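Worksheet for the structure shown next.
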RNA sequence: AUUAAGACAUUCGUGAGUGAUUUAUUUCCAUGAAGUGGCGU
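Numbering (the numbering used here), first residue to last: 62 to 155.
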């Protein structure tokens, strides 16, 4: 998709030739990627209602974390520095 | 006046009749409508 790296492309295969697919996501991610990082998001009750609410939480969390990574967060009142910044100013501090 | 004289190789006659420039052949192969957020710790 467009901006698929941020998560608007997620698919899984269920039936291959009318046979269920027991493929572990964790193991395949471990195999084909250099680093794989899991985050357990607090699914506040629901989980049976408001997939729209689930999407809102998931994508707000992604925006949160990725804005944290390469930039800061000058939003409401809480300041956390850019970890992309903090990496370079620490390693060989120039 | 002499084994001489006389005599168009000529008349008639369609290079014509039959017969598809046709048969076979993918305008196709490769290819992300995608990338990035920025601003006041």
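For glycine and all other residues, C-beta sits at the position ideal for the given N, C-alpha and C.
- Judged by DSSP in its simplified three-state form, residue 140 adopts coil rather than helix or strand.
- Less than 8 Å divides the Cβ of residue 143 from the Cβ of residue 131.
- DSSP places residue 129 inside the alpha helix (DSSP H), whose first and last residues are 112-131.
- Counting C-beta pairs with one atom in each stretch, the stretch 75-83 and the stretch 94-105 have fewer than three that are closer than 8 Å, which means they do not touch.
- If you check the CB distance, residue 133 and residue 123 do not come in under 8 Å.
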